[PDB]
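Below is the file model-v2.txt, which contains compact mmCIF, C-alpha atoms.
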# COMPACT_ATOMS: atom_id res chain seq x y z
CA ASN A 17 52.97 147.54 -5.74
CA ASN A 18 53.78 147.62 -9.48
CA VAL A 19 54.06 151.38 -9.97
CA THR A 20 55.14 152.85 -13.31
CA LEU A 21 55.94 156.25 -14.80
CA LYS A 22 52.33 156.77 -15.89
CA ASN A 23 50.88 155.59 -12.56
CA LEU A 24 53.23 158.00 -10.74
CA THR A 25 52.89 161.06 -12.98
CA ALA A 26 49.11 160.69 -12.83
CA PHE A 27 49.38 160.54 -9.03
CA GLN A 28 51.38 163.72 -8.70
CA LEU A 29 48.81 165.65 -10.73
CA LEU A 30 46.00 164.22 -8.59
CA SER A 31 47.78 165.41 -5.46
CA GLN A 32 48.50 168.87 -6.87
CA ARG A 33 44.94 169.35 -8.11
CA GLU A 34 43.29 168.09 -4.92
CA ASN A 35 45.05 171.01 -3.19
CA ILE A 36 44.68 173.69 -5.87
CA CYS A 37 40.98 173.00 -6.40
CA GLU A 38 40.66 173.22 -2.61
CA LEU A 39 42.31 176.64 -2.43
CA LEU A 40 39.63 177.91 -4.83
CA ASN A 41 37.01 176.38 -2.49
CA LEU A 42 35.67 174.29 -5.37
CA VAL A 43 36.15 170.93 -3.61
CA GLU A 44 33.96 169.66 -0.78
CA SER A 45 35.78 166.98 1.21
CA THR A 46 33.52 166.51 4.22
CA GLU A 47 33.16 162.76 3.64
CA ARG A 48 36.91 162.50 4.20
CA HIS A 49 37.08 164.70 7.29
CA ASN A 50 34.22 162.58 8.65
CA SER A 51 36.68 159.73 9.03
CA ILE A 52 39.26 161.33 11.36
CA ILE A 53 37.85 164.01 13.66
CA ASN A 54 34.05 163.79 13.45
CA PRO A 55 33.71 160.02 14.14
CA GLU A 56 33.54 158.92 17.76
CA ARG A 57 37.24 158.00 17.56
CA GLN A 58 37.80 161.53 18.88
CA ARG A 59 35.50 160.85 21.86
CA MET A 60 35.65 157.08 22.38
CA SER A 61 39.45 157.12 22.38
CA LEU A 62 39.29 159.78 25.08
CA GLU A 63 36.82 157.54 26.92
CA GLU A 64 39.48 154.82 26.74
CA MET A 65 42.24 157.09 28.03
CA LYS A 66 39.93 158.24 30.84
CA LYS A 67 40.01 154.65 32.14
CA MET A 68 43.51 153.52 31.19
CA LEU A 69 44.96 156.51 33.07
CA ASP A 70 43.00 155.41 36.14
CA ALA A 71 44.03 151.78 35.72
CA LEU A 72 47.65 152.99 35.62
CA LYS A 73 47.31 154.35 39.19
CA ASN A 74 47.21 150.98 40.99
CA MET B 437 49.92 152.52 24.09
CA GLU B 438 48.16 149.28 23.18
CA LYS B 439 51.22 147.85 21.43
CA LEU B 440 53.21 148.87 24.51
CA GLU B 441 50.95 146.86 26.80
CA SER B 442 51.27 143.95 24.37
CA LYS B 443 55.07 144.05 24.55
CA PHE B 444 54.82 144.62 28.32
CA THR B 445 53.01 141.43 29.24
CA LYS B 446 55.88 139.62 27.50
CA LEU B 447 58.20 141.08 30.14
CA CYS B 448 55.74 140.19 32.87
CA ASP B 449 56.01 136.56 31.72
CA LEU B 450 59.78 136.72 31.16
CA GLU B 451 60.30 137.80 34.77
CA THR B 452 58.72 134.59 36.03
CA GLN B 453 60.69 132.60 33.46
CA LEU B 454 63.95 134.18 34.63
CA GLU B 455 63.28 133.68 38.33
CA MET B 456 62.31 130.07 37.62
CA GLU B 457 65.63 129.59 35.81
CA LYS B 458 67.35 131.16 38.83
CA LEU B 459 65.62 128.71 41.16
CA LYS B 460 67.18 125.92 39.07
CA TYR B 461 70.74 127.02 39.93
CA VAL B 462 70.25 126.63 43.68
CA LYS B 463 68.59 123.19 43.88
CA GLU B 464 71.14 121.83 41.38
CA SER B 465 74.50 123.26 42.51
CA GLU B 466 73.97 122.24 46.13
CA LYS B 467 73.26 118.71 44.90
CA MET B 468 76.72 118.59 43.34
CA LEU B 469 78.17 120.03 46.56
CA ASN B 470 76.57 117.26 48.62
CA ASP B 471 77.71 114.66 46.09
CA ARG B 472 81.26 115.99 46.37
CA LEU B 473 81.11 115.81 50.17
CA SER B 474 79.85 112.22 50.07
CA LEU B 475 82.52 111.38 47.50
CA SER B 476 85.31 112.79 49.66
CA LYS B 477 84.02 110.91 52.71
CA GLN B 478 83.65 107.56 50.98
CA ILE B 479 86.98 108.02 49.19
CA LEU B 480 88.60 108.56 52.58
CA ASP B 481 87.03 105.37 53.93
CA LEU B 482 87.97 103.52 50.73
CA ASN B 483 91.59 104.68 50.77
CA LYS B 484 91.84 103.75 54.45
CA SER B 485 90.44 100.27 53.81
CA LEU B 486 92.84 99.96 50.87
CA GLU B 487 95.83 100.94 53.01
CA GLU B 488 94.74 98.36 55.58
CA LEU B 489 95.29 95.71 52.91
CA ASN B 490 98.72 94.87 51.51
CA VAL B 491 98.03 96.56 48.17
CA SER B 492 98.25 100.36 48.30
CA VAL C 1462 79.86 127.07 36.76
CA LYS C 1463 82.80 127.59 39.13
CA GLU C 1464 81.64 124.50 41.00
CA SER C 1465 80.76 122.35 37.98
CA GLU C 1466 84.17 122.74 36.36
CA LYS C 1467 85.78 121.71 39.66
CA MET C 1468 83.61 118.60 39.85
CA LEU C 1469 84.23 117.74 36.20
CA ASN C 1470 88.01 118.03 36.47
CA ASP C 1471 88.07 116.11 39.76
CA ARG C 1472 85.91 113.38 38.23
CA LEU C 1473 87.87 113.00 34.99
CA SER C 1474 91.13 112.99 36.97
CA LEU C 1475 89.83 110.28 39.31
CA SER C 1476 89.31 107.63 36.63
CA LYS C 1477 92.84 108.17 35.31
CA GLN C 1478 93.91 107.12 38.81
CA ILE C 1479 91.36 104.33 39.28
CA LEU C 1480 92.60 102.68 36.09
CA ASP C 1481 96.28 102.64 37.09
CA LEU C 1482 95.23 101.57 40.59
CA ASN C 1483 93.42 98.53 39.19
CA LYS C 1484 96.58 97.95 37.15
CA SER C 1485 98.20 97.22 40.53
CA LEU C 1486 96.60 93.80 41.03
CA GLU C 1487 99.72 91.66 41.54
CA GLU C 1488 99.75 92.19 45.32
CA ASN D 6 68.94 137.97 4.77
CA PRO D 7 65.61 139.67 5.47
CA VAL D 8 62.71 138.83 3.19
CA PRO D 9 61.25 141.69 1.12
CA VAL D 10 57.54 142.27 1.67
CA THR D 11 54.83 143.92 -0.44
CA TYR D 12 53.61 146.45 2.14
CA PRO D 13 55.42 149.31 3.89
CA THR D 14 56.77 148.21 7.26
CA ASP D 15 57.50 151.61 8.84
CA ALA D 16 57.07 155.34 8.29
CA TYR D 17 59.33 158.27 9.11
CA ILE D 18 56.77 160.14 11.27
CA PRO D 19 57.69 163.62 9.98
CA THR D 20 58.83 166.49 12.17
CA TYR D 21 58.21 169.66 10.12
CA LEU D 22 55.00 170.45 11.96
CA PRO D 23 55.25 173.47 14.29
CA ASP D 24 55.93 172.12 17.77
CA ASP D 25 53.96 174.96 19.38
CA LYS D 26 50.64 174.34 17.58
CA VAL D 27 50.41 170.54 17.51
CA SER D 28 51.11 169.10 20.96
CA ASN D 29 52.04 165.66 22.33
CA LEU D 30 54.12 164.83 19.25
CA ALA D 31 57.10 164.62 21.59
CA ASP D 32 54.96 162.26 23.65
CA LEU D 33 54.70 160.06 20.56
CA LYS D 34 58.46 160.22 20.03
CA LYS D 35 59.03 159.22 23.66
CA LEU D 36 56.56 156.34 23.38
CA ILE D 37 58.17 155.06 20.18
CA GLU D 38 61.67 155.24 21.67
CA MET D 39 60.41 153.43 24.76
CA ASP D 40 58.90 150.66 22.66
CA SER D 41 62.22 150.55 20.79
CA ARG D 42 63.83 149.85 24.17
CA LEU D 43 61.13 147.43 25.37
CA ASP D 44 61.96 144.91 22.62
CA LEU D 45 65.74 145.20 22.64
CA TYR D 46 65.31 143.57 26.05
CA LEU D 47 63.18 140.77 24.59
CA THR D 48 65.38 139.86 21.63
CA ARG D 49 68.27 139.67 24.10
CA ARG D 50 66.46 137.12 26.26
CA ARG D 51 65.54 135.16 23.14
CA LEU D 52 69.25 134.49 22.58
CA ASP D 53 69.53 133.66 26.28
CA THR D 54 72.29 131.31 27.39
CA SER D 55 71.81 128.47 29.84
CA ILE D 56 74.18 126.01 31.50
CA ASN D 57 71.98 123.14 32.66
CA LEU D 58 73.73 119.90 31.58
CA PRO D 59 77.52 119.89 32.02
CA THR D 60 77.29 116.45 33.62
CA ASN D 61 73.97 116.24 35.51
CA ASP D 228 63.57 106.68 24.76
CA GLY D 229 66.67 107.83 22.91
CA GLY D 230 68.14 110.63 25.00
CA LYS D 231 70.00 108.24 27.30
CA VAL D 232 72.84 106.13 25.88
CA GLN D 233 74.84 103.30 27.44
CA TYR D 234 78.55 103.91 26.97
CA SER D 235 81.04 101.17 26.23
CA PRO D 236 83.32 99.88 29.02
CA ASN D 237 86.22 101.48 27.14
CA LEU D 238 84.87 105.04 26.91
CA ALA D 239 83.74 104.70 30.53
CA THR D 240 87.36 105.47 31.53
CA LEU D 241 87.42 108.93 29.92
CA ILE D 242 84.05 110.00 31.37
CA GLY D 243 83.63 108.73 34.91
CA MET D 244 80.09 107.59 34.08
CA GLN D 245 78.60 104.67 32.19
CA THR D 246 75.40 106.32 30.95
CA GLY D 247 74.20 109.76 29.94
CA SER D 248 73.17 111.84 26.95
CA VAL D 249 75.41 112.19 23.92
CA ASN D 250 76.03 115.84 24.83
CA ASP D 251 77.74 114.77 28.04
CA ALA D 252 79.82 112.28 26.07
CA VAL D 253 81.15 114.76 23.52
CA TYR D 254 81.62 117.46 26.15
CA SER D 255 83.54 115.29 28.59
CA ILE D 256 85.68 113.86 25.80
CA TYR D 257 86.59 117.39 24.74
CA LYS D 258 87.32 118.29 28.36
CA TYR D 259 89.68 115.32 28.57
CA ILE D 260 91.41 116.41 25.36
CA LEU D 261 91.76 119.88 26.88
CA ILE D 262 92.89 119.22 30.47
CA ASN D 263 95.80 116.99 29.49
CA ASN D 264 97.16 119.66 27.10
CA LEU D 265 97.18 117.44 24.03
CA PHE D 266 96.52 119.98 21.26
CA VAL D 267 99.52 120.73 19.05
CA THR D 268 100.38 124.40 19.65
CA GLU D 269 104.20 124.37 19.79
CA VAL D 313 95.49 116.31 18.32
CA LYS D 314 98.42 114.36 19.74
CA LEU D 315 96.84 111.17 21.03
CA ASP D 316 97.39 109.91 24.59
CA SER D 317 97.86 106.31 25.75
CA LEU D 318 94.30 105.58 26.91
CA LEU D 319 92.99 107.28 23.79
CA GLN D 320 94.78 104.57 21.81
CA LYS D 321 92.43 102.00 23.32
CA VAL D 322 89.26 104.09 23.32
CA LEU D 323 89.84 104.90 19.63
CA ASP D 324 91.34 101.50 18.70
CA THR D 325 93.97 103.42 16.73
CA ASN D 326 97.76 103.36 16.99
CA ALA D 327 98.44 106.47 14.89
CA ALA D 328 99.05 108.50 18.09
CA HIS D 329 98.02 111.62 16.14
CA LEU D 330 94.51 112.38 14.88
CA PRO D 331 92.45 115.48 14.04
CA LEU D 332 89.67 116.41 16.45
CA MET D 333 87.09 115.92 13.69
CA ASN D 334 87.92 112.22 13.53
CA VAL D 335 87.89 112.13 17.33
CA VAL D 336 84.28 113.18 17.62
CA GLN D 337 83.45 111.00 14.62
CA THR D 338 84.66 108.04 16.67
CA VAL D 339 82.64 109.48 19.55
CA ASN D 340 79.50 109.09 17.46
CA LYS D 341 80.80 105.70 16.28
CA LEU D 342 80.96 104.42 19.87
CA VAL D 343 77.45 105.41 21.01
CA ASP D 392 53.09 135.62 16.64
CA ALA D 393 50.33 136.56 14.18
CA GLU D 394 48.47 139.54 15.67
CA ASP D 395 51.66 141.61 15.81
CA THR D 396 51.74 141.72 12.02
CA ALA D 397 48.25 143.22 12.02
CA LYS D 398 49.26 145.73 14.70
CA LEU D 399 52.41 146.71 12.78
CA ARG D 400 50.32 147.17 9.65
CA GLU D 401 47.64 149.20 11.42
CA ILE D 402 50.21 151.52 12.97
CA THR D 403 52.14 151.87 9.72
CA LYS D 404 48.74 152.62 8.16
CA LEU D 405 48.32 155.65 10.43
CA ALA D 406 51.85 157.06 10.27
CA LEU D 407 51.22 157.32 6.53
CA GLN D 408 47.92 159.12 7.00
CA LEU D 409 49.81 161.42 9.37
CA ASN D 410 52.57 161.60 6.75
CA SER D 411 49.88 162.67 4.24
CA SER D 412 48.13 165.33 6.30
CA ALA D 413 51.55 166.70 7.23
CA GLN D 414 52.39 167.00 3.53
CA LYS D 415 49.16 168.85 2.81
CA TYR D 416 49.90 171.20 5.70
CA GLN D 417 53.44 171.68 4.35
CA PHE D 418 52.01 172.56 0.95
CA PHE D 419 49.43 175.06 2.14
CA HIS D 420 51.87 176.63 4.61
CA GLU D 421 54.48 176.98 1.86
CA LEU D 422 51.68 178.47 -0.22
CA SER D 423 50.93 181.14 2.38
CA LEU D 424 54.57 182.20 2.31
CA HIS D 425 55.63 182.95 -1.28
CA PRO D 426 52.34 182.28 -3.10
CA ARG D 427 53.86 183.75 -6.25
CA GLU D 428 56.55 181.07 -6.14
CA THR D 429 54.23 178.13 -5.49
CA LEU D 430 51.58 179.06 -8.06
CA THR D 431 54.04 179.33 -10.95
CA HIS D 432 55.45 175.96 -9.91
CA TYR D 433 51.98 174.44 -9.92
CA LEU D 434 51.25 175.88 -13.37
CA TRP D 435 54.53 174.56 -14.71
CA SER D 436 54.06 171.13 -13.17
CA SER D 437 50.60 171.06 -14.75
CA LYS D 438 51.86 172.13 -18.17
CA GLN D 439 54.66 169.54 -17.89
CA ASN D 440 52.65 166.57 -16.57
CA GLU D 441 49.58 166.75 -18.81
CA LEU D 442 52.06 166.26 -21.65
CA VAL D 443 53.59 163.10 -20.18
CA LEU D 444 50.19 161.43 -19.73
CA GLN D 445 49.31 162.25 -23.37
CA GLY D 446 52.31 160.48 -24.89
CA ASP D 447 51.08 156.88 -24.86
CA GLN D 448 47.64 157.46 -26.41
CA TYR D 449 49.01 156.77 -29.91
CA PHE D 450 49.45 152.98 -29.57
CA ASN D 451 46.21 151.25 -28.59
CA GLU D 452 45.70 148.54 -31.28
CA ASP D 453 42.50 150.18 -32.55
CA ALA D 454 44.26 153.33 -33.80
CA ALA D 455 47.45 151.56 -34.93
CA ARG D 456 45.91 149.52 -37.75
CA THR D 457 43.46 152.09 -39.21
CA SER D 458 46.17 153.93 -41.20
CA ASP D 459 45.29 157.26 -39.56
CA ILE D 460 48.59 157.75 -37.70
CA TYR D 461 50.78 156.65 -40.63
CA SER D 462 49.80 159.50 -42.98
CA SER D 469 57.43 161.68 -35.92
CA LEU D 470 56.44 158.30 -37.32
CA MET D 471 58.00 159.04 -40.73
CA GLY D 472 61.51 160.20 -39.88
CA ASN D 473 61.64 157.20 -37.57
CA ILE D 474 61.43 154.80 -40.50
CA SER D 475 64.33 156.73 -42.05
CA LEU D 476 66.46 156.18 -38.96
CA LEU D 477 65.37 152.55 -38.76
CA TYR D 478 66.12 151.74 -42.40
CA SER D 479 69.51 153.39 -42.01
CA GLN D 480 70.08 151.36 -38.82
Would you kindly transcribe this structure into structure tokens?
Amino acid sequence: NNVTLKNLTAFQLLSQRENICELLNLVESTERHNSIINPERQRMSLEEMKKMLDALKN
Amino acid sequence: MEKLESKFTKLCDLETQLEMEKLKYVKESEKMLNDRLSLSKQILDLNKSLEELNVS
Amino acid sequence: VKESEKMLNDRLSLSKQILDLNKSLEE
Amino acid sequence: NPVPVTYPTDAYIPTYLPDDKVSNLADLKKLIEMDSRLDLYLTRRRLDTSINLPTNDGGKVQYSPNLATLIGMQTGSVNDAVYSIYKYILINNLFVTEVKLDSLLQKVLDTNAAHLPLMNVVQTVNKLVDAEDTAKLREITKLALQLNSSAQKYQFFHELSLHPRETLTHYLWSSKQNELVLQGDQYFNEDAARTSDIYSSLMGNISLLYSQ
């Protein structure tokens, strides 16, 4: 916790610039997308549903 | 889904706990019923034996 | 519960009679 | 009163994403409502009621031969003693509602006042004888905020597609109005506040102060 006016105003600018500098295609953020979709959590979770759905049939 | 299975085994245990509590209201109420029957019988015999005596 | 309250009232009303019955001890 | 914590407990799980592009969000809403109904049934059975000792080592107490006339028993837990004494005070209709003491109560209490509060009555009665769920609730509330972040970035870029003229001028005004806020506290840093470089509005201020 312990947020202040400076810590908040400098967070709004960081969020606005992360988006603006991405519209101009100046930012490469592949080491952040390789934490959601690209990791095996997209496949291994499906490999857990593929067995929980079958365990739920008996 | 995982948190759901976690909160679901709690119900699986609670069902056995509830039916066990239910099985404790059938072995215990009938005991009081039998005690009441024995009490009425022996109180009939006791009141009869009392009336046989002078005091009543 | 409907049986326990019956037993409790017919057990607390039986000592009130046993006491006054023992009070009759002059015969 | 609930104790305040230092980490977010829940998240709103936003609903401004188009429900024809992202699917199974309604599945998530149904699962969350079902878990919200799967614990309202547990908390209820945590406050469960049980009637197991109306009449039925320090749990067993030997009653005096005096109190044995208001109970019908000579031994039993203290709960049975206080309960059966209250039942005797209740059956004989002794409470003043128009406790008025009976005749046998005179002996059992050794008191001739014939009128005593119930508090004193039970006083004489005494005188005669779990961790993993926190981690799960922090892991889930650590994903509904990542979802609440990606949804905000989608909301921004989608509101940038529509009306880009309106969003860009807002971004340029937020920038020209936030870079000024962050550059307002760089004047007091203890190595530029004793070198006499900033003392040559820190001059009208001393006018207001001296007048104050």
(request) One decimal, Å: what's the distance from atom CA of residue D:428 over to atom CA of residue D:406, could you say? (result)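 Between these atoms lies a distance of 29.5 Å.
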Please produce, as a tab-separated table, a per-residue contact table for chain B versus stretch 67-71 of chain A (criterion: any atom at most 12 Å away, only C-alpha atoms considered), showing the nearest atom pair and its distance in Å to one decimal, sorted by chain then residue number.
residue	atom	partner	partner_atom	distance
B:437	CA	A:68	CA	9.6
B:438	CA	A:68	CA	10.2
B:441	CA	A:68	CA	10.9
(request) Using atom CA of residue D:252 and atom CA of residue C:1474 as the two end points, give the distance in Å to one decimal. (result)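 Separation of atom CA of residue D:252 and atom CA of residue C:1474: 15.7 Å.
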(request) Find the spatial neighbours of residue C:1487, counting only C-alpha atoms, within a cut-off of 12 Å - ignore same-chain residues fewer than 2 positions away - and output them as a list in words. (result) residues 490, 491 and 492 of chain B; 1482, 1483, 1484 and 1485 of chain C
Where does chain C meet chain D within 10 Å, residue by residue, with the nearest atom pair and distance in Å to one decimal for each, counting only C-alpha atoms, listed by chain and rising number, as a Markdown table?
| residue | atom | partner | partner_atom | distance |
| --- | --- | --- | --- | --- |
| C:1462 | CA | D:56 | CA | 7.8 |
| C:1465 | CA | D:59 | CA | 7.2 |
| C:1466 | CA | D:59 | CA | 8.4 |
| C:1468 | CA | D:60 | CA | 9.1 |
| C:1469 | CA | D:60 | CA | 7.5 |
| C:1470 | CA | D:262 | CA | 7.8 |
| C:1471 | CA | D:243 | CA | 9.9 |
| C:1472 | CA | D:243 | CA | 6.2 |
| C:1473 | CA | D:243 | CA | 6.0 |
| C:1474 | CA | D:259 | CA | 8.8 |
| C:1475 | CA | D:243 | CA | 7.8 |
| C:1476 | CA | D:240 | CA | 5.9 |
| C:1477 | CA | D:240 | CA | 7.2 |
| C:1478 | CA | D:240 | CA | 9.9 |
| C:1479 | CA | D:240 | CA | 8.8 |
| C:1480 | CA | D:240 | CA | 7.5 |
(request) Using all atoms listed in the file, pick whichever of D:448, D:29, D:436, D:264 has the shortest atom-to-atom distance to chain A. (result) D:436
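Going from atom CA of residue B:461 over to atom CA of residue B:448, you cover 21.2 Å.
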Please report as a tab-separated table (two decimals) with C-alpha atoms, keeping the file's coordinate frame which residues of chain D come no farther than 12 Å from chain A, using only C-alpha atoms.
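Okay, selection-v4.tsv is ready:
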chain	number	residue	atom	x	y	z
D	10	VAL	CA	57.54	142.27	1.67
D	11	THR	CA	54.83	143.92	-0.44
D	12	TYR	CA	53.61	146.45	2.14
D	13	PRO	CA	55.42	149.31	3.89
D	405	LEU	CA	48.32	155.65	10.43
D	408	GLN	CA	47.92	159.12	7.00
D	409	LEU	CA	49.81	161.42	9.37
D	411	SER	CA	49.88	162.67	4.24
D	412	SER	CA	48.13	165.33	6.30
D	414	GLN	CA	52.39	167.00	3.53
D	415	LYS	CA	49.16	168.85	2.81
D	416	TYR	CA	49.90	171.20	5.70
D	417	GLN	CA	53.44	171.68	4.35
D	418	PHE	CA	52.01	172.56	0.95
D	419	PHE	CA	49.43	175.06	2.14
D	420	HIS	CA	51.87	176.63	4.61
D	422	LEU	CA	51.68	178.47	-0.22
D	423	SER	CA	50.93	181.14	2.38
D	426	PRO	CA	52.34	182.28	-3.10
D	429	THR	CA	54.23	178.13	-5.49
D	430	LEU	CA	51.58	179.06	-8.06
D	432	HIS	CA	55.45	175.96	-9.91
D	433	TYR	CA	51.98	174.44	-9.92
D	434	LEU	CA	51.25	175.88	-13.37
D	435	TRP	CA	54.53	174.56	-14.71
D	436	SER	CA	54.06	171.13	-13.17
D	437	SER	CA	50.60	171.06	-14.75
D	438	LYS	CA	51.86	172.13	-18.17
D	439	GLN	CA	54.66	169.54	-17.89
D	440	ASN	CA	52.65	166.57	-16.57
D	441	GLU	CA	49.58	166.75	-18.81
D	442	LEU	CA	52.06	166.26	-21.65
D	443	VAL	CA	53.59	163.10	-20.18
D	444	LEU	CA	50.19	161.43	-19.73
D	445	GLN	CA	49.31	162.25	-23.37
D	446	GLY	CA	52.31	160.48	-24.89
D	447	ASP	CA	51.08	156.88	-24.86
D	448	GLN	CA	47.64	157.46	-26.41
Sorted by chain and rising residue number, which residues of chain D lie within 12 Å of chain B, and what are their closest atom pairs and distances in Å to one decimal, counting all atoms listed in the file, as CSV?
residue,atom,partner,partner_atom,distance
D:32,CA,B:437,CA,11.0
D:33,CA,B:437,CA,9.6
D:35,CA,B:437,CA,11.3
D:36,CA,B:437,CA,7.7
D:37,CA,B:440,CA,9.0
D:38,CA,B:440,CA,11.0
D:39,CA,B:440,CA,8.5
D:40,CA,B:440,CA,6.2
D:41,CA,B:440,CA,9.9
D:42,CA,B:443,CA,10.5
D:43,CA,B:443,CA,7.0
D:44,CA,B:443,CA,7.2
D:45,CA,B:443,CA,10.9
D:46,CA,B:447,CA,8.6
D:47,CA,B:447,CA,7.5
D:48,CA,B:446,CA,11.2
D:49,CA,B:450,CA,11.4
D:50,CA,B:450,CA,8.3
D:51,CA,B:450,CA,10.0
D:53,CA,B:454,CA,10.1
D:54,CA,B:457,CA,10.9
D:55,CA,B:457,CA,8.7
D:56,CA,B:461,CA,9.2
D:57,CA,B:461,CA,8.3
D:58,CA,B:464,CA,10.3
D:59,CA,B:468,CA,11.4
D:60,CA,B:468,CA,10.0
D:61,CA,B:464,CA,8.6
D:392,CA,B:442,CA,11.5
D:394,CA,B:442,CA,10.1
D:395,CA,B:439,CA,8.4
D:396,CA,B:439,CA,11.2
D:397,CA,B:439,CA,10.9
D:398,CA,B:439,CA,7.3
D:399,CA,B:439,CA,8.8
D:400,CA,B:439,CA,11.8
D:401,CA,B:439,CA,10.7
D:402,CA,B:439,CA,9.3
(message) Quick one: residues within 8 Å of stretch 324-331 of chain D, only C-alpha atoms, excluding same-chain residues fewer than 5 positions away - as JSON, numbers by chain?
(response) {"D": [313, 314, 315, 316, 319]}
(message) Nearest residue to chain C out of B:480, B:459, B:469, B:474, using only C-alpha atoms?
(response)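 Of all the options, B:469 lies closest to chain C.
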(message) Could you check the closest approach to chain B for each of A:61, A:45, A:50, A:20 and tell me which residue wins, using all atoms listed in the file?
(response) A:61
